[PDB]
Every structure is written in C-alpha cells, then in structure tokens.
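A short write-up of the structure that comes next.
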Amino acid sequence: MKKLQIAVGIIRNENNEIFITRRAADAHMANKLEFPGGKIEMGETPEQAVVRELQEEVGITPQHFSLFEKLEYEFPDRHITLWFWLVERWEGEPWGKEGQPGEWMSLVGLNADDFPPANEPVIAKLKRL
Ligand SMILES: Nc1nc2c([nH]c(=O)n2[C@H]2C[C@H](O)[C@@H](COP(=O)(O)O)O2)c(=O)[nH]1
Ligand SMILES: [Mg+2]
C-alpha cells in the first residue's frame with residue numbers, strides 16, 4: 001500500500017504564545033497560518049523524519065520537542081500520518097525554511113481557517129474547542 005507522513009510543530013516562546021507563520025505583511029497567501037514540519041516523511045523514521053525538518057524549518061537552536069498530538073488516518077490504500085510536536089522555546093529568531101515569518105501569537109485560540117486546510121484534520125479537533 002501507499003503511505004504519506006507529515007510532522008508539524010507549534011513554536012513556543014517566552015510570552016507563552018507560539019510564533020506561527022501567517023500572512024507576513026502581504027505574502028503568497030493569508031491562509032498559510034501554519035507551523036514548521038513539511039517534508040519530514042521522505043524516508044526517515046517517525047522521529048528522525050521531523051528531526052531533520054525541525055532544524056530545516058527553524059534553523060536556529062530552540063528548546064523544541066515533544067509531541068502534542070498526531071493525526072493517524074488511512075484512506076483507500078493511501079494513508080496519511082500527521083505528527084504534531086509540542087515546542088517549548090526558541091533562541092533568537094526562527095528561520096529554518098518553513099515559510100513566511102510569523103509573529104508570536106497565543107496558541108490558546110489557533111485558527112484552522114486562517115491556516116492551511118491540509119492540516120485542518122488535527123487542528124479541527126482542538127480548534128473546534
Ligand atoms: N499526491 C501526493 N501527495 C504527497 C505524496 N507524498 C507526500 O508527502 N505528499 C504530500 C503530503 C505532505 O503533506 C506534503 C509534503 O510536502 P510535498 O508536497 O512537497 O511532498 O505533500 C504523494 O506521493 N502524492
Ligand atoms: Mg522541509
């Protein structure tokens with residue numbers, strides 16, 4: 001069968017709000033309010049897959065780790081796996097290569113609408129809260 005993995009993480013900061021890449025003052029799309037963790041799949045392990053993206057989507061040296069939640073669902077042969085890593089802190093500024101630089105925003109009320117629907121499955125459950 002065919003499978004496809006994805007890993008994502010909310011970058012926590014001092015303020016306790018997590019820097020989510022969104023808008024970025026006139027960018028490609030305002031619906032890109034997502035976080036690092038794109039291309040972890042490739043051919044690594046559930047852990048060693050994101051570990052490589054973690055630095056690729058942050059670049060800096062942040063106290064980032066742990067898994068807040070992961071969405072596991074398998075479609076007609078083509079299965080999908082989304083692993084969310086609960087980040088705690090980040091030194092300097094996050095760069096890596098996730099997307100359009102975002103601002104430190106409170107995760108207490110993340111918006112699945114303003115963010116890519118590709119990750120809505122997991123965020124939906126919480127966002128709906
Ligand atoms: N249609 C299609 N989408 C895929 C495949 N593999 C794969 O990771 N994806 C998806 C799932 C991920 O959310 C995202 C990761 O970045 P890419 O699109 O660049 O591979 O794309 C695939 O073989 N076919
Ligand atoms: Mg990547």
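The way this entry was determined, per its header, is solution NMR.
Placement of Cβ uses the backbone N, Cα and C atoms for every residue, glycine included.
As written in Swiss-Prot, here are the features:
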type: BINDING; residues: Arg23, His28, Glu34, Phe35, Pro36, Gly37, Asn119; note: 8-oxo-dGTP binding site
type: BINDING; residues: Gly37, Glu57; note: Mg(2+) binding site
type: DOMAIN; residues: 1-129; note: domain 'Nudix hydrolase'
type: MOTIF; residues: 38-59; note: motif 'Nudix box'
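Residue pair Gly37 (8-oxo-dGTP binding site) / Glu57 (Mg(2+) binding site) shows a Cα separation of 7 Å.
Here the binding-site residues are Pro36, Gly37, and the one with the most other Cβ atoms within 10 Å of its Cβ is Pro36. Here the C-alpha separation of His28 (8-oxo-dGTP binding site) and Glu57 (Mg(2+) binding site) works out to 18 Å. Secondary structure from DSSP puts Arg23 (8-oxo-dGTP binding site) in coil. Of the listed binding-site residues, namely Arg23, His28, the sparsest Cβ surroundings within 10 Å are found at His28. Most Cβ neighbours within 10 Å, among the binding-site residues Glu34, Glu57: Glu57 holds that distinction in the structure as shown. If you take the Cα of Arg23 (8-oxo-dGTP binding site) and the Cα of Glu57 (Mg(2+) binding site), they are about 17 angstrom apart, rounded to a whole number. Largest Cα-Cα distance over the residues recorded as binding 8-oxo-dGTP, namely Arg23, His28, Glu34, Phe35, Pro36, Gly37, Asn119, equals 19 Å.
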